[PDB]
Structure formats: C-alpha cells, structure tokens
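J.: Sharing a structure with you now.
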Amino acid sequence: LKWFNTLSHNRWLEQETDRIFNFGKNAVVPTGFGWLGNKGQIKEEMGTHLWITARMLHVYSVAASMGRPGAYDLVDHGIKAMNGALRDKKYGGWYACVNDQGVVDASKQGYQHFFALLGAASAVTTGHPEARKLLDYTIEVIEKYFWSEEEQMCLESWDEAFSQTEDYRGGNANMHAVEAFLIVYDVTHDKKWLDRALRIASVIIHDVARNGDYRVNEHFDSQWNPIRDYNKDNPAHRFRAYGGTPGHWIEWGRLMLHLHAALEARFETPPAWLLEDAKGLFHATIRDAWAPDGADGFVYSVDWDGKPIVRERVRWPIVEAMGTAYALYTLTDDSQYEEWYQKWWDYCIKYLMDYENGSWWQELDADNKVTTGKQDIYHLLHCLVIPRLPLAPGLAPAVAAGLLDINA
Amino acid sequence: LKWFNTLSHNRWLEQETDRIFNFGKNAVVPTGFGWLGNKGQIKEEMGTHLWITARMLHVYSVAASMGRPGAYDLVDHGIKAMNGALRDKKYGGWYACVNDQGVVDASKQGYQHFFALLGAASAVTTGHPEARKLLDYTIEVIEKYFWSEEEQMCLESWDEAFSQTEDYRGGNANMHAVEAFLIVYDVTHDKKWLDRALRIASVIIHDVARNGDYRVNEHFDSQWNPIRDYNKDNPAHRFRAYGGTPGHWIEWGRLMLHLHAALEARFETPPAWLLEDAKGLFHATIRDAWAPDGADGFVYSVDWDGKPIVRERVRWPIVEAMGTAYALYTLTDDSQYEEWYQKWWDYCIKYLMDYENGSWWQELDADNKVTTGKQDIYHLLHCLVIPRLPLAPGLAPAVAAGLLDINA
Amino acid sequence: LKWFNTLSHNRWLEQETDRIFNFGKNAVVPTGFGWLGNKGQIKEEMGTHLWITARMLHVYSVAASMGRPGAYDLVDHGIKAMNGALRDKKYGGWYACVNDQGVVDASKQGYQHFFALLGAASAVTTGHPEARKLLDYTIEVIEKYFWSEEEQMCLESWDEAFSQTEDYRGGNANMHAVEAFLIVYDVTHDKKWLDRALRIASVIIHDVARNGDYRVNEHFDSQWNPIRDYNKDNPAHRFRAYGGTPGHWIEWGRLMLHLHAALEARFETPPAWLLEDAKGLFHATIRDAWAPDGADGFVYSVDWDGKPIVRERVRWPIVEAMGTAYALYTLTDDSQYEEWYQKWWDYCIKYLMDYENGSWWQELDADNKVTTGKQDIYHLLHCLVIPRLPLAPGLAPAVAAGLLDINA
Amino acid sequence: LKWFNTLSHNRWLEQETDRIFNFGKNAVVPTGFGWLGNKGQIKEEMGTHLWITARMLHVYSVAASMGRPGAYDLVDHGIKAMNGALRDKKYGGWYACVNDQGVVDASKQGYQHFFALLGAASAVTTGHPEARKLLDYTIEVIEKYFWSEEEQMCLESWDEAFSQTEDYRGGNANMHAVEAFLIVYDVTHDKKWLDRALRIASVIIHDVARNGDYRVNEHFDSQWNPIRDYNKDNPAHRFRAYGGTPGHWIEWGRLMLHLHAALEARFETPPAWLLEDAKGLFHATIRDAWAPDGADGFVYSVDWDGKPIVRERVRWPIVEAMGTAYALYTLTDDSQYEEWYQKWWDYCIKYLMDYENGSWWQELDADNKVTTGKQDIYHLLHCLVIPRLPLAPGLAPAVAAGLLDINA
Amino acid sequence: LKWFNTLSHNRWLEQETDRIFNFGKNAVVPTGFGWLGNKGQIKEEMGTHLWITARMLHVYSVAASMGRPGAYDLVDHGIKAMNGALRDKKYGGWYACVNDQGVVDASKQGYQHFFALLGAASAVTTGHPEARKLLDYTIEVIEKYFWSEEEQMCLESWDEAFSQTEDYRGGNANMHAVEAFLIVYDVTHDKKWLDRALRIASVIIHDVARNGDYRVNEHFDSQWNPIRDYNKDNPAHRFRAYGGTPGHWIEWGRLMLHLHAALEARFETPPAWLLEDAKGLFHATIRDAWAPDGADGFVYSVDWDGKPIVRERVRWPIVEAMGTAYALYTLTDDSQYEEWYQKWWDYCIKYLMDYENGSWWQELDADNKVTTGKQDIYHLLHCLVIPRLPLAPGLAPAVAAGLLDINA
C-alpha cells in the first residue's frame, strides 16, 4: 500500500539500480557504447549508435553522482566518444551510427541530437572538465539545424552535409527536445530553454493531443498539420508506427510535470494545463493501452479510436508509466497513482525482470511471454531513480545536488 | 567557539528575530510604513518613505514564510502601499516620500527603487496573489529608468517626470541593485539579472575597489570615472560622505558570495575573483575600520589613507560585518571568520541591543555610548536569519523554500 | 504560504501555548478551577463550575505530557476536585457548580458530564495513579444516565437526584460526547465508544445537518424531532441560541475527521461520508458565517436562510475553524485549507490575542473591536497543539505518545 | 510521565536556562563577580568572592558554548579576574574574598580553590586563548597545596602564606575536588585526575558513608578519622553543620555516575560500586531528608539517626537531587527516577522559582514560604543542562562538543 | 563530484566492505589466521604469521561493531591465537610465525608486535572478556622491549630470547607504533600514548622527511642517523625497499591527522605542523609516485630524486592514498582532495578489484596488468570504513561508539 517515499522501498530501487548499472558497463567499445544483447554481450553488427552513446553518457553521469566507482570513467569515455568518430568533423553534428571501420549512417537525426544535448547537460552535472564545452557546441548544433526559430518547433532530420532537411515533423524528436531542454535549463537558467519546452508542449499536447481525447499525434507535415493516415499501409511497423504510441503519451505526461515543477521552483505559478494535460495523457494511456485484450501489460500502438494495433508488450512503455505515476502522485497525493505504480512493479518483476541473464527483457507476447536485444537501460532510471527524487531540478541535476531520498 | 550551524545558537537568533519582527509591526501607517523612534513609536514628521516601506515589505515576507501570524497581513499592506500613495500614477515609479495629505518628495531615486525591486521580489516568495504583478511593473520601471543597457550599470536618480537623470553614479544605488537583482533571479531564474549582477561587481569591485586597496570608491561621474575628491569640502555629511564607508565594503563582500553560490547552484564554476575580492573587502574593513581608535567597534567613514573620519559607531555596519563573516565561513571553512562573528555578537549585546526600549540602538559614540531613531530592522536579518541559511538561493527565497536551519 | 508541518511555525505555536498554559494556572481554587476574567484574575462570584474544572484537567494533562513543570500538579488537583465537593456523593455524578460555601447548582448537565469524561480520559494519558479509577467511575455515570441505550443517543440533563431527565435533546451535548468518546476509545479500545460516536455523527450530521445545507440543527424533542423554531422569540439569547451556530458546524467537521483517522489507524477503510460531511460543514461555515456583513470574522449565530443573527465575533468559533482547516488539509492536502488557516491566524493576532493583559480576548463586536471574561483556554489547544499532531490518536493521547511535531 | 530526552521538555529547560543566564549577568564587577540579591542587584557589602567568581567563570563557559552572545565576554572577564585582585601574586593561589579597596579574606580555602580548578577547566572548553595558561597555573597550585600526595586525599585550607594547613579534613572540599577533577580529565586525559577522583570517592563514600547507612560523614581529623560530634554544640549553624547534609549525599551520587560514564567512554568496565553507592546515596537522601516533617521539600541537615535538624528548605539540595535523578535514570532506565524528577520540578515551580523578581529563591522555611540572597546560579545548570546531556564527557566539555539534546 | 559524507556513496562502501569481510573469514586456521591466496584459499605453506593474525583480530573487531554475525567469533579466535601457539611462553612476546608443528620464525619483530598492540586495542572495543588482559600484557611487552625511554623512539627487533636488539631503526616499525598508540590512547585515555605518538612523528616526519622534500627516510642506524644507501645492492627487493616508498609517506599523513583530531577532541589546539606536513607528504606522494611513467597508478618505490625504481602498482599504496585524501578533505574541506579520492576509486575498480575471484588483486605491472597472494584486507578498511567516520576517536573505537556515517 505505502511504497513511495519510504526508505525500505527506495533501498530496493537502489539495489535494482546497481544491478542495471552493472549490466550496462559491458557496452563500452572504442567509438563509444555498443549494442547489448539478451545476455549482456555486444552485438558488433549493430555498431555504435549516437542515441545509445548519448543515453549512456547521461546514465553514468547519474551513476557517478550516486557515488559509484567507475561510473565517472564511463562519463569520460562518453565525452571523448562525442568528440570522436561519431562527430562529423566536416559538417558538424554527429553521425547516426559508426563502427571502427568508419561511418555506417551519416544522416543527422533530430531525436538522436537532442539525446546528445541531454547527455551533455547531464554530463555537466558531474563537473567533468570537458562537459561544459561539449554542451556549448551541442547547443550550437541544435540551434543551427534542429530548433527552428520560424516555426518555434524542432526539425526531424538532415542529410550528412545538412544540405536538405526532411519534409516531416515528428512528436518524438520534439518530446526528447523537451526532455533535454529541461536539463539544459537546470544547468544554465537561460530562460529560452524552458520557454521552448513549454512551447513544444503547448503545441503537440495542449493543442493537438488534447483535442483528440489525449491521443498524441506523432506525424505532421512540414506545415505542422497532423498526417493521421501516415504509415496506414505498414500498420505493424514500429518505426514511426501508424496511429498513437501510448508509451509516448504517458512519457509526455511526466515531462510536463517536470515543467510544472521547474516553474514552481522559481516561485512561479505554473499554467494549469500542464497538470490537467499530464493527467489527461496518463488516463488515456490506461484507457486505451492497459490490458485491453484479455491480459495485463501495455500494448505498443493504438489506432485513432482507441483500438490496439501492435499488441506486443514492449518494456519502456510500462517503465515510463511508473515514472509518470510517481510524478502525478507527487503533485496530487492521490493514492490511485501509487496503486498503479505498485501494480506495475508486480507485473515487471513477474514478466520483465531477468535475474538469470541480466537487466529486463526488451518485449513480450500479447500474452506476456518472452519473444523477440536489451541495448537500453536509460529508460529504467525513470522508474528506479526518479521515484527517489523531487520533480525539480531534473534527474541528473537532482542526484548531483544530493536530493536522493530527500522526501523519504 | 562553535556557533555557526548549531541549533542552540540558531534558536537564540530566532528569538531575537521575533523581538525585532515585533518591534517593527508598529510602523504600520495608512500609506505604508512609518519612521520608528527610540521607543518603537512613529515619528509622524518623517512621513512615509519609499525605502522604509519597501524594506518592510521585504522583511515581513521573510517573517510570513517563518510562519508568524500577522506577517502576511503586513505583506499585503506593503503591496497595497506600493500600489497606492507611494506610486506615481502619472510618470511611473514611486515618490521618494509621501504622507496622508500628499507627496513629500516626488524625486525618483535609484537605491530607493532598487529596494522597491527587492521588496517585490521577496513578496513574490510568499505567493501573495498581487505580488508577481507588482514585480513585473517594478521590472518595467527599473529597465526603463535605472538599468542602463548602454552603460551596463545603474543610474542614480531622476526628477519626478523622468525628464533628466543626475550627472552622478554611486556605488550604493548599484550595490542595492546587485542585492535586489539576486532575488529577482531567484524568482525568475532568468540568466540576465545575474549577468547584470556580476557586471556591476566586476566594475565597482574587481576593477576600482581591488586597485584601491579594497577601499570602495563610492562617487562617480556620468562616464563612471572615480571622483575621489567628492565632498572633500563639505563636512562629515553622511549623505554621500567623503571618502570610503567600510560598512558598505563588507556588505559588497557578502553580496558577491551570494552571486558565487547562485552560479555554483546551476552547476557553473564561478569566477575565482568573487571569493578573492570578498576576502579582500573583509580584511580591508577590519584593517581600517575595526577598533582603530583605542575602542572596540567599526568607525563609519574613512579616507583614502584608511584613517577614520566619522568615528561614530553606526549599527548596520557591524551587522553586515557579521553577515559577511558567516558567508566567508561557509565558503572557506576558515575559523577566523567565526571568531569575528562571535566577537561582534558580544559587542552587539553589550552596546547596541536595547532590551529596555526595544530593537537596537542606531548609533553610538566613538566610545560606544548612546548619543543622538530606530527606523530600520531590515539590516538585522542579515545577522539573525542569513546565518541560518545557505548562500543560495537568497534570503526570502531560502526561507520560503524551507531551508531555515538546513545545515544545523 | 507554507506553515503546516514546518518547525518554524510550530515553534511559534508552542511559545504561544506556553503563554496560555501560564494564564490558566491562575484559576486554581480549593474546589477545582475558577472562572478567570480579563486580567487573569479569579471572579470568585462565578464559583467553581464542573465544565471549567473538567476542561482544565484535560488542558493540564496535555501540558504535563509536554514536559511543563507544575502541570501535573494541576492534574492531580483536578482529579481531587472531581472526587471532592463537585461530586454528588449521594446520587452520583457531579453538581453543575459549587463553591467553598456549598452547592450552587445541583443539576446534572450532560455536556458538562461529557466534559468530565474527556477530562478523565485525558488525565489517564498522564499515568496519574487515580485517573483510571476516575474514568471508570465516570463511565458508569455516563452509561447509567447520559447514554440512552434505548435511543442510541445522548440525553441532555437530569435533576440533582436523577429522577427525571429533560424533555429536550441537543447537538452540543452530543457533540461533546463524540469528542469525549474518541479519547475514551484511545485509552480503552472498547469498540463501543467509537461506534457510539459514529452513531451520534450519522444522525446529527449525516442525517439532519446534511439535508439542511449543512446547517446543524441543535434543538430536538425527546423523540428526536428537530425543533427548528426553538428559542425564536429570543434571538440574541446565546444559551441554546435560536437557529444555527456556525462555530459548532466546523467543530463537528474536525471531530468527524478524528473518527475517520481512528478507523484508518486500525487498518479499516472509513466511510466516505465522514470526510464528505466535514468538507460540507467547513464550506457551510464560510458561506454563512465568514465576513457576511462587510467585516472579517465569524458571526456567532445565523438563521435557517444563512442570514446572521448574533453578529458579535466570539473567540472559540474561529479557533475551532483553524483546527478544522488543519484536519481537512491533512486529509486532502488541498492548499485552500492552509490559506484559510493563515488568514485566520492573521485575524486572531490582529484582534483577539491580548499580549498586554494575557491570553486572548473572548469577544468583539461586529466591527471586531474589544467589548469589555477570559475563562477557558481549552479551545485554544485546538489551534495551538492540534496542528502539531496527527489526527489519530486523539489530542492528549497523541502528545503522551510523543507525536508532537512528528510530521514536521 | 515522559520528560527525559523529549524535545518538548528540553526546550522548556533551555528557555528557563536563558532566564537564569540573564540573571547572573548583573554580577559583573571590576574584580570579578559580585553577590546578587533577591532582586538581582549587587550586594556590595559582600564584595568579590573567589568561589562565586570561579563558579560564574564555569557558568558562562557553558553559556558561551550554547551560542549566547555576551557569555564569552563574561568568560574573558572571569579569566582576567582570576589573574587580578583575587590572585595572591605574592604567595600564590587566590584570596578567599576581595573588594575594590583591598583583600577582605586572605585565607586559602580548599573548596574555593577546587572551584577555581573547575572554572579553568570549563573555560578551556571555550577555546579562550588564556584558558589553558589559567588551568596550568591552577593545577600547579592544587598539587602544591591541596592534593596531599602523602594522604592521597584533599586538604582543607591554609593561611595566606601557605605555611600552615588546617588541622581538619572535610568531604565538601574533597567532593568539589572530584567535580573539578572530572573536567580537568576531560580537557587533558591525564589518568591521574580520574584516578584521584576514584580514590577520593572510594574513601569518603565507599569506605565510610556506605558503612553509615549512606549518611555522608563530612568532618575528619588529619588522619582521616571521622569527627561525628563536630559542632554538636551548634547544630542550627550552617557552616560545617553538625551531622549530615543530605544535599551533599545525593550530589556525590551524581559525581560517581559521571565517573562511571568516564570509564565507559574509554572502553573500560567501571567498578560496580560507583553505581551501587549512587543508588545508595539517592535512597538515603529520600529516606532521611525528603518531606520528613509534614510538608514537601528537602530539609538541610540531618541527625545521625536520620532526624532533621535544620528544616529550612535550601535551594541547591533539591536542584542537585533532580540532577542525580537524571543520572540514575540514564544508567538504570528505572522510571522511579523520572517520577521523582518530575515531582521535584512541580515542587520547584510552585515554591522556588521566582518569575516576579528573577531567578529562584535561595531558601524557604519549613513550610515552604520565602525566608529572609540569590548569589548563585551555578547549581541550577545541574537540573537545567545536565538533563540534556550524556554523562560523559562532563558538563562544559559535552556542551562544547555539541552534545546538547543528543539523546532527545 | 560529491561523494564524501553522502549516504549513497557510503552504502556502496559498506556493501564492498561486506564482500571483503566475507573473503577474509576463510583465513581461519587452528593457530590463528592463515595466508590467503588469489582465490581465497589458504596457502598452508606460509603458516601463521603474527602480523596477519593481529591484523585480522583488528579487522573482525570492526566487523563485530558493525553488527555482523560471525565477526565476534573471529575476534574470539584471534585472542585465543594471541594467547596460544604464537605466544612465546618462555621469553615473552610472540613468535613471528608458527604452524601446527611448532615455531617457524622465533624472531621478535617490532612492526609485528605493534600490530599485536593494535589488534588488542581494537579487540578491547568489542568488550570481549579477554581483550583488556591481552592489551595489558601487550603493553608490558612493548614498554619493555620495543619502546626505548632513552631514545624516545621504537626499537626494530630482537632475537627469540630477547638477548640482543637489531643494530637498526626503521620508520615502518615506528609508523605502526603511532598507528597502534592512537588506538591504545582511545581505550586508556592516557596521554602517554599520544605523547609517544606525537614524539615519533616529530622526528620521522617534521624533522627528517620535511627536510628531504617530504621523502620519508626509513632506514636509520642505531644512533638514528639516516642510512640513505641501505639496500642499494637489492634495489628491487620490497622488504625495507631502497630509497623511499611513497605508500608509507601518504600513510604517515593520515596518521598525523588522527593525532591532530585526537588533540582537538580534548580541547587542545594541535601543533600546526601535523596538518602542514600531512599536506606536504600528500603532495610529495603524487609528485613522485603517481603516474610518473606513462600509465596511471602509484609506483612502489622511488629514489632520492623522486625517480621511480620499483614500478609495479602494489595495492596498499593507493588504498592508503584514498584514506589520506579523506582525512585531508575532512580538515581542509578543499575539493582537490575529494577529486583525487574519486579518481583513485575509478582506478581501483578498473584494475585492482576482483569480483571474479574475490577481494582485490595484490600487485600489478607498471602497465596495471595482473601477474604473479591476497593475504590482507586490513588496509582496505582505510578506504572503505575510514571515510564513513570522523578522525577521532580512531577506527575501531569510532565504530564501536556508533559513529559510522555520523557526518552523512
């Protein structure tokens, strides 16, 4: 019944957190962080990705501030890799993927860059001597090719040379921008980062999503008009999945509570829609995606009527669900959020956690059985560490500030 | 020996704080806050000053967050005043002094308007519904008439209608700008107010002061050139007194350590000179001003050779010295600072504190005897509340944030 | 903004509490506790009432557990008084009032007898060797003559010989029954006391009061039919005042939250009507009684249309209101409650608290000006100690359990 | 029932402590500390006593460590006095009493010299730059004239020139020696001080008082043989009163518990008899001296059969009893000691504490009415501060070490 | 960035500590504690060493105070061994090494005897019934054969029958004398041991080392004259290595700060050279031994110009360095010290820590690679437990006093 803000529960979280930090260290390769498989081994053919490398940089900055030996070393390894092979020393920014043999993907993807921004901002909290310089440059690359001052939104991607930008606008790239902007804000207080976050949110969530029963529209045209039918011919395709992706909805919910908390931290009454929409997104994720087909677990994608499409149970959606449950609980003090949190934890240790091979499974059947791959651990901190910290400042900043278990 | 961060000492501090909060409540007048005498009674002839009203608003905002019944009411009263008689509903800003019958001094003085800015920013920490609006307005007045974007420094004064500004630039008005700016920053988290703080300081302190044996130059010309000879003719005129007034020097010291803390708070390695010049100003104050004439206490004014001019022991100087002692202790951990703090407290209860008539005496003999008036209580928080709080965020913000005694 | 559960605010409350404990100790007389006046002097003309003596036994039982010397002495004195002259050693129970010259009022009043029960129960929390025996006896009297087993409610009063009970039924006697039952429950855990309390509440509040816009109906005939007309022609009369007396409404609200908490404390989900009706009574009190006539303060009585009658501002109503704000804040975390709490504290120090003569003024005219009796300090604990403790166990029990400031 | 180690009780103790510190402040005279009267006025005819000056030095060293401004100044004043007129700069040691004109009593009294030792040892805990030098000189005087290496006990007194020691031996001088030795041990860790303490206690308490039903024999001859009849011709006379002085008995009790604690603090199992005899003395004190004549309170002197002689209730005996009660509770956790403590506090606030004129009354008649006088406050710390500290290290050392309320 | 005094870091340290305690329990052999191998197995051929046995007694006294089941049993085993086969029941003291068949090495080694003194003093903190007896006897052996009252320094060794002492004096034997003396002082509170410690250090460090650029000279002739060339014929032989061994330098640093803390605790201002030289020894160790040959880590020995000799990276040197970093940080609050600590922890988990086979590796190449014995864990408490305790009292005493994590 009572788990939040209790030391007994938090100790359990910390212990699982260590099991996860330990699992991730096996990803260290020369050009950064490799792709970990079902037993924690590296999948060379996957090479070294930008998004995975930036996330880890962020992940071990948190671990370093938690006083773990070797984490800081991984942070140094992350900074050097962001100044290495992955960095396009010719056109700027970072390549999408590279291996020891050279570049595998030279495309410049927005979401992957905002993750670079997050990594840098979090790396700054560790005080690493090269971190602040990495963030400065990253902020430059962002403002030069990913943040549109005319649209006041984020772009999707570009070719290596940054010659032509894709005629597509997405909710995922802008969501990770809001995520990164929050931390850049915490380590700069340059007002623009927060306003830009609130701006991205008022558009994709308070405007579009909210008028559609809180089902986030992911695809927009270059003029920022919803492209509802996008990918309607490739329904099961995960990448840019047709319809709405509920996991994203709930993640968006939390981010807005962090926006809410940031404003409150500076004695500023936050706009009421942040909390309203956060709940809206939270309830809509449970309404359409939680156990809608005869079994527990969150389905991956849903159509515009609330009906499931991809019913596989992928790991991160429920992980984000827990993080959001905690955020809502923190601002509402409403027990229903803690009940969902506890319920989701029971599900996780029942079907997702793998104590035999390490970490948690990537995804399961619509019947929650293992069937395809665990290259990420970054999301896990949102249900393992976030519940031990206030909502402001952000994740890394708060740990670095010694706020862990502050409310317990 | 050990007082800082001890609950026993802090309880003592809190109890005297209440004695003083109580003393000040009697200043309440229809147009704002009156001028209190040696027995806690209002001196009607003095009328209602803008600087006293603004300071009192600041003061009770702190008391309000400390949970003192009545305080919030006085805050409301202060905001009503800042919106009423004191305000120039024609040219903007506030009149220097007014009364029940009309305006007494329509001039618009910088330092007084900066206290207006501090008062509104502090009031914002109480959450009073009319506070934020008051601050925004004050921000307008300040950026239009007192903060010079071209000079990148603060002006001194304007006539009522703001037709022409005074061909003078003073360290005091700009010092209270830094003071107010730090709080505005705490309740807006906007980078500029802090950038403006450092700027003001790099000039008046790191440039001029540091090159003048840390004796702060007070009077300047419209081109910010030091007018060392200012008032060398006129007598011991307190108003823009000739030479250097040490109390201000030690005050600048603390202000820069608050600036230091703010930068550290947002994970930014602060300039090494904030702390260097802090120590410098501290030492210089003791050097020329502490017991230089056969008796304990701080002299009021000193000349460019460091020789006392006005030898009267005014209250606020030693009060600020204590505050600065605490700040330097917090950032250096050097025991000499704590020794001075205790040394100064003993002096205060022995010669300044008036348990008989209330509050503290405002000024003493060169021999520490009461002679020729207790209109302020704002300074006292610097030696009664600041020692119970971290250096970041500022006074009012920290109390409202529940940081009182956090380090004890 | 934030006072509840903050050590700074609670320190203020404690210090005021000590000022009140000191004031009431001047009421000690040979037969029990006297009636204190405006300067804290005994008004021996008033004699020694049963209710005042029972209340003081309760008050100093709290003071005693708070570690105040002398307090226990008053508790001992209170018990001896309950076993002495005040006790009807012929027919049982206690006279309504006596003096050094004999019995002044031999009537057996219910509410006073229930206060006797509260007194005995609280005294038991001190461990005084004679308290338990006093409570056991008090139980007999109560179950024998004041808790109608047939009516499942409380009787009003009896003649000295308990031969005929009054043909009237009131809310006040039954409300103080609830108040006392909660504590007996805390010191016995005999299910009946809590059940009886719920029963009383369900009838007077959930059934009657709730159907009449949460305006509590005080007068009933022996068949428990409300006598809405009762005392009509005598409006200004306060004994069994005509219409509704809001002060009682809000008090019932708190008591019901204590029942709520009592049930949660034994891992039982409480019925929702408790919290629902508490909010109803609270809002109902603000609606009709708070500043309804162009001046702050709670009116004493109101009619069935919510229109005022006795517009004097009596002390206990706003004191109880504050206690209820705290109880409701504690169960909903809704800040509106804390705001009222602070607003009322500012009102109390501005017009009620008397630092010059001691304690608080007991009454003000409709314009909040002091009229001219300062007996009772019992109510004050509800706004001074209650806010520093959980809602379960009850007041005296909680302090004896060492829970003072447990949530701060 | 529960006061020991509760913050509520300890806050009460501290507040009363401040009321007492303030009182003693007026004793400051050019030669040290004067003799305070019933209104806190200096009774000039009494002059400046060594024992009073030494005690006050000890007292304000505690106050200084508690963070009280002005206290350290008094410590400084005390040290200068111990190096001024009171000090026999010709023969060594200190005159018993002096005034502004000269030496009033040149005798070298042992109990007063041990208070000098206590005062210095306590002053050392404040860090005062002259404290150590004072302690070292005091130690030299002690070993030179008051600690008999041949007798392995303390001497009584000498003439001004230290050429003729008194042909008498007393327990009071040896008892204060133990009290001082404990603190010297705390600020030096030279085993000899604690070993001498044990030796003194083993002889006077364990080898003599214990065989006398725990009635401490105070008068001995030079061969340390008891002089039971000492002054049988003038019982009523205070100085070296006939028979036993119970206040001393219970005080020896506490001192042996601090000794017990000191041994525990160095991981050494303390002899069983220290605790056994402490219980012994405490019991005997209640037996013969507590309310044995029809009214509460402790009588001053007792006959060898346990019969009262001097029945006036002096202040310190009960003050010390409370301290010992705390010490025995701490080592036995037996509630009976806490009950006595509370009972005695009730007695104190009722008969001894004087809130009207200041401090506490020094003496009351057999019926507990103020008689005839407030020259001491040193004993009061034993019931006001001792209870907030562990038994090791001693009073001044523990406060200086930041142990106030450590167990609360 | 921030690890010291953070619960999150200390939890990491406690958990590794348990892993370490678990590894050492396997060393139990009938005659005391055996020599453990790289897989935690007993190397029977090495037999039972006095130094190892004494170190484990010490180690498990700490584990026992930390509440670990089994620990106290190992403490008991340790005491039995020190009273058994190891003890020379004919000439006194202990044999340097023995096995089940008899005595392997009958020489009486000073540094091993001082470890016996440390083990006994540490054992005393557990309260074991036979500890004090062992400590008492060890004291007698030490004062009779290893502490020279004429030299005011420690002797090196003797033959079995104690007929002739070695014509040599070493800094190592005297260093562990200071280490043991500190703990003897904590369990005897006899300044004699702290005086002897302060004396040892004033000679070995403030005298010699400080004048040789803080390069500690360890080989001396019987007249205490440095033997700079000692073992130049065996420049790669770790035993009494030629030149300087930095590991020892930094260790002396920490020891002197414990000595500093010890003096502070008894309110005695400590000699400034303790902290000054500690800083000096710290800097010297980094200057000459940290990464001086193209790879991270500390070299084992260095010549008189600071040039490396033995370049293998032995375990204990860096472990001691982290301990000293903590102590310096604790007394200077200077960030560089924490940065080194963190930097060194990252190195340890990277190359030294062996989760695969248990404990940590004992030695590495100049390239930090493992090669061709894990007989110790005593050193590990200096980087695992010391950072969770204050500097006074010492390690075992402080844990037994409940100070673990007191500053976090």
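Letters A, B, ... mark the chains of the structure tokens in the order given; residue numbers begin at 1 per chain; ligand numbers begin at 1, in order shown.
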Determine, using only C-alpha atoms, which residues of chain A have any atom at most 10 Å from an atom of chain C, and tabulate each with its shortest atom pair and distance in Å to one decimal place, rows ordered by chain and then rising number, as CSV.
T.:
```
residue,atom,partner,partner_atom,distance
A:331,CA,C:333,CA,9.9
A:332,CA,C:333,CA,8.2
A:333,CA,C:333,CA,7.2
A:334,CA,C:332,CA,8.8
```
J.: For residue 318 of chain A, find every residue with an atom within 12 Å (counting only C-alpha atoms), except residues of its own chain fewer than 2 positions away, and show them as a count of residues only.
T.: 45
J.: Can you list, as number ranges by chain, every protein, DNA or RNA residue that comes within 12 Å of residue 253 of chain C when you count only C-alpha atoms, leaving out same-chain residues fewer than 5 positions away?
T.: C: 175, 178-179, 201, 204-206, 209-210, 214-216, 246-248, 258-260, 273-285, 320-328
J.: According to DSSP computed on the backbone, where in segment 291-348 of chain E is there strand (DSSP E or B)? Give the residues as an NGL selection string.
T.: :E and (298 or 302 or 308 or 313-314)
J.: Include C-alpha atoms and write out the residues we just selected as a PDB file, in the first residue's frame.
T.:
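So the final result, stored in part03.pdb, reads:
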```
ATOM      1  CA  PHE E 298      51.323   4.583  -7.849  1.00  0.00           C
ATOM      2  CA  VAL E 302      61.230   5.980  -5.599  1.00  0.00           C
ATOM      3  CA  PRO E 308      60.830   5.571  -9.889  1.00  0.00           C
ATOM      4  CA  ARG E 313      51.499  -0.977  -8.745  1.00  0.00           C
ATOM      5  CA  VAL E 314      51.011  -2.590  -5.350  1.00  0.00           C
TER       6      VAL E 314
END
```
J.: When you look at segment 128-135 of chain D with a cut-off of 9 Å (counting only C-alpha atoms), what residues show up, excluding the ones that are within fewer than 2 positions of it in the same chain? I need them as a PyMOL selection string.
T.: (chain B and resi 1) or (chain D and resi 72+75-76+79-80+82-83+116-126+137-140+184) or (chain E and resi 268)
J.: Check the smallest atom-to-atom distance from each of D:388, D:266, D:307, D:55 to residue 183 of chain E using only C-alpha atoms, then report the winner.
T.: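 When distances to residue 183 of chain E are compared using only C-alpha atoms, the smallest one comes from D:266.
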J.: Of the residues B:212, B:310, B:406, B:355, which is the one nearest to residue 22 of chain D, using only C-alpha atoms?
T.: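 Residue with the minimum atom-to-atom distance to residue 22 of chain D: B:355.
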J.: Just want the 6 Å neighbourhood of segment 98-106 of chain A, counted on only C-alpha atoms, with same-chain residues fewer than 6 positions away dropped. Output as a PyMOL selection string.
T.: chain A and resi 47-48+160
J.: Do you know which residues are at most 9 Å from residue 376 of chain E counting only C-alpha atoms, after dropping those on the same chain fewer than 6 positions away, and could you put them as a ChimeraX atom specification?
T.: /E:24,35-36,52,55-56,362
J.: I need the residues in segment 133-355 of chain E that are alpha helix (DSSP H) according to DSSP; give them as a count of residues only.
T.: 106
J.: Counting only C-alpha atoms, what is within 12 Å of residue 309 of chain D, bar same-chain residues fewer than 2 positions away, as a compact mmCIF listing (two decimals) with C-alpha atoms, in the first residue's frame?
T.:
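Output file around34.txt follows:
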```txt
# COMPACT_ATOMS: atom_id res chain seq x y z
CA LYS D 232 27.27 19.20 68.13
CA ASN D 234 25.69 24.42 67.47
CA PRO D 235 23.60 22.33 65.02
CA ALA D 236 21.43 25.18 63.69
CA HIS D 237 24.60 26.86 62.40
CA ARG D 238 25.18 26.33 58.66
CA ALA D 241 26.92 21.84 60.06
CA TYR D 242 26.60 19.06 62.62
CA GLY D 243 25.74 15.61 61.33
CA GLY D 244 24.88 15.01 57.70
CA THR D 245 23.92 17.32 54.86
CA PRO D 246 21.72 15.20 52.51
CA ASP D 288 16.01 10.97 55.86
CA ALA D 289 15.59 14.30 54.10
CA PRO D 292 10.01 14.07 56.68
CA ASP D 293 8.28 16.78 58.72
CA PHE D 298 14.31 18.66 51.36
CA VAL D 299 15.49 19.60 54.84
CA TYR D 300 19.05 20.95 55.07
CA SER D 301 20.77 18.99 57.82
CA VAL D 302 20.23 15.61 59.32
CA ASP D 303 20.98 13.87 62.59
CA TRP D 304 22.94 10.56 62.77
CA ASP D 305 19.70 8.65 63.28
CA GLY D 306 18.27 10.40 60.24
CA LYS D 307 16.36 13.05 62.18
CA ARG D 311 14.48 22.11 58.50
CA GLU D 312 14.60 25.12 56.16
CA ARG D 313 14.42 24.07 52.51
CA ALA D 366 9.93 24.51 56.96
```
